[PDB]
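Below: the structure, in structure tokens.
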Amino acid sequence: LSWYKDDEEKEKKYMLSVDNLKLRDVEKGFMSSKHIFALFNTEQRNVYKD
């Protein structure tokens, strides 16, 4: 999984994996509208750069 600042596909600072990951939601009190869910991993330390 990658994240770019534009559509030209030239950011490529870091490419985040997909397999061996977990999923949680944000803490209570936060406004999901704009639904934000957090990625982390309990098996590995691959978050990445939490």
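A few points about this structure:
- Residues of the range 33-48 include none that is outside any loop (DSSP other than H, G, I, E, B) and touching a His at 6+ places or on another chain (Cβ under 9 Å).
- Flag if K22 is touching an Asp or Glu at 6+ places or on another chain (Cβ under 9 Å) and surrounded by 10 or more Cβ atoms within 10 Å (Cβ to Cβ): yes
Results for (1) exposed (fewer than 10 other Cβ atoms within 10 Å of the Cβ); (2) in contact with a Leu (Cβ under 9 Å, 6 or more places away or on another chain); (3) not polar (S, T, N, Q), shown as yes or no for each residue.
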residue: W3; (1), (2), (3): no, yes, yes
residue: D7; (1), (2), (3): yes, no, yes
residue: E11; (1), (2), (3): no, no, yes
residue: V26; (1), (2), (3): no, no, yes
residue: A38; (1), (2), (3): no, yes, yes
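- Here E27, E11 are screened, and the one residue that is assigned to a loop (DSSP other than H, G, I, E, B) and touching a strand residue (DSSP E or B) at 6+ places or on another chain (Cβ under 8 Å) is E11.
Quick reminder, even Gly has a Cβ in these numbers, built from the backbone with ideal geometry, and neighbours come from all protein chains shown. Laboratory data are not the source of any read-out in this text; all were calculated from the coordinates shown.
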